[PDB]
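What follows is a set of notes on a single structure, which appears directly below.
For the single chain, residues carry numbers from 1 onward in sequence order. Just the heavy atoms: all of them, side chains too, but no hydrogens, waters or symmetry mates, feed the values below. Whatever order the structure lists them in is the order used to number ligands and atoms, beginning at 1.
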Amino acid sequence: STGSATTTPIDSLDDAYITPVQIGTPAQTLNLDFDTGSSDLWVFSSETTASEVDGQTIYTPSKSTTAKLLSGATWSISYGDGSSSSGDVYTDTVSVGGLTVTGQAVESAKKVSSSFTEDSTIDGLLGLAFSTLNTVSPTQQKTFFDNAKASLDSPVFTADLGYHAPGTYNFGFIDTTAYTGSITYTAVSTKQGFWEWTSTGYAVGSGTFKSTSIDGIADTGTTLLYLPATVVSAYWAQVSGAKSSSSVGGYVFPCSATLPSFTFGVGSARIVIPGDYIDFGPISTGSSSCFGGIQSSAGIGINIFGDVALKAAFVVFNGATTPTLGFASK
Ligand SMILES: NC1=NC(=O)c2ccccc21
């Protein structure tokens, strides 16, 4: 089997991407944030604290003839931005782009933190990291991809995120029309539960490539590109007036600037992030200070190849027995 679904930016900045997902019988379609940095499929629901729901579409398990409460199971997750959610668990039928999994764990939110409530466009998360990170207790559950793997034509999914435009998640096949040149594959460590890999270096604009190993994760659920402080300083030094602002929480730059590109290495191959992809707009409405899309990971503990980086590429998440990642230009 295969599936193919369009993913759409939630706003004019590409702050996140939503993909429609069918849950239950008859189908209830919710717009979920596909997140290769986590491993829980959770949804706003009829069980979510009413004051914490503000415009989202909810899953109502009592209206699904295939929903079954997973007795005694609970979940609770917190994300790198400090947001969090928790609740109970159903199994139900879940379909993405024509690919169906029966008995998928659908984690129903009882509580969500303020940033989820305040974002009316995201109805939940669909985790695509390794199932070892799944938070369901006392019986850990498998991701949608893990459940689908046996049935897929090939044990892979691909992320093709757009810049200010829709893109595609495909399951079970590699669309050879969706990228240019060749896909360069690179090793993955699953030890932390992430799609963790090592970039071979970077360049700023037209500058020379610096060969240096940068360990990090491919994370579709993180908006920005978080890299070591040395790398980030080298980037922003090429933008007149750019500075790190402790009050804002990162590098800012004059909105009048034209930003340089940023290149990262995948083996001997190179992925170029155009400068425009690094502009996240005014720090507050009407400000002439703009927020940068490349930020320091120094306070995180891990480097993160988030959407800023991934949307410059066609990315293969190869879930074979020994997983690998593939990157191509597009
Ligand atoms: N992978 C993620 N990085 C985040 O900062 C985040 C927030 C909310 C959901 C998922 C994610």
Side-chain angles (χ1 to χ4, degrees), residues 7-11 13-19 21 30-45 48 52-57 75-87 105-136 141 143-145 157 159 161 167 169 188 190 192-197 215-227 248-251 280 291-311 315 317 325:
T7 193
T8 301
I10 64 170
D11 64 21
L13 297 175
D14 296 352
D15 281 318
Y17 298 76
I18 49 173
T19 308
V21 177
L30 275 66
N31 297 326
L32 304 188
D33 184 351
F34 281 25
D35 182 15
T36 65
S38 72
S39 305
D40 289 47
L41 192 176
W42 74 260
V43 296
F44 278 81
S45 78
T48 310
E52 300 181 343
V53 182
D54 190 0
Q56 295 82 8
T57 295
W75 61 281
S76 178
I77 192 161
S78 61
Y79 295 103
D81 73 344
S83 69
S84 64
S85 52
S86 59
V106 175
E107 300 173 34
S108 162
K110 294 175 108 91
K111 295 177 164 169
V112 304
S113 69
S114 60
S115 61
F116 288 115
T117 300
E118 290 162 2
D119 180 6
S120 69
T121 70
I122 290 173
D123 302 324
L125 272 282
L126 189 147
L128 295 167
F130 295 103
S131 294
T132 52
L133 292 178
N134 177 268
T135 80
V136 176
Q141 303 292 306
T143 71
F144 175 84
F145 177 48
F157 69 88
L161 304 178
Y169 281 100
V188 164
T190 68
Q192 295 193 275
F194 300 119
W195 293 92
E196 190 172 358
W197 65 289
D215 291 349
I217 66 169
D219 185 1
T220 58
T222 290
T223 312
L224 307 186
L225 174 51
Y226 294 90
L227 292 171
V248 176
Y251 280 89
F280 277 73
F291 197 68
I294 296 178
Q295 296 293 345
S296 177
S297 63
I300 294 178
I302 198 163
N303 301 305
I304 308 174
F305 292 86
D307 296 335
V308 160
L310 302 180
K311 76 192 177 182
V315 188
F317 292 82
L325 282 164

For this session: Nearest heavy atom to atom 9 (C) of ligand 1 wins, so pick from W42, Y79, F194.
Result: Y79

Exercise. Any idea which protein heavy atom is nearest atom 2 (C) of ligand 1, and the distance to it?
Worked result: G221 O, 3.0 Å

Problem set entry | Whether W42 and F116 hold their rings parallel, tilted or perpendicular, with breakpoints at 30° and 60° | perpendicular

Problem set entry | side-chain contact (heavy atoms from CB on, under 4.5 Å) between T121 and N31, intermediate numbers included | CA-CA 7 Å; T121 70; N31 297 326; over 6 Å; no

Exercise. For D14, what residues pass the salt bridge (charged side-chain N to carboxylate O under 4.0 Å, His left out) criterion, not counting sequence neighbours?
Worked result: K311

Seminar exercise, completed: Ranked by distance from atom 10 (C) of ligand 1, the top protein heavy atom is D35 OD2, 3.2 Å

Exercise. With sequence neighbours left out, what residues match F317 under ring pair (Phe, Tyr, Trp, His ring centres under 6.0 Å)?
Worked result: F157, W195

Problem set entry | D219: numbered ligand 1 atoms lying under 4.0 Å from its heavy atoms | 1 (N), 2 (C), 3 (N)

For this session: Could you grab the distance from atom OG1 of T223 to atom CZ of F280, nearest 0.5 Å is fine?
Result: 6.5 Å

Seminar exercise, completed: The option among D81, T36, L224 carrying the non-hydrogen atom nearest to atom 7 (C) of ligand 1 is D81

Problem set entry | Closest protein heavy atom to atom 3 (N) of ligand 1, given as residue, atom name and distance to 0.1 Å | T222 OG1, 2.9 Å

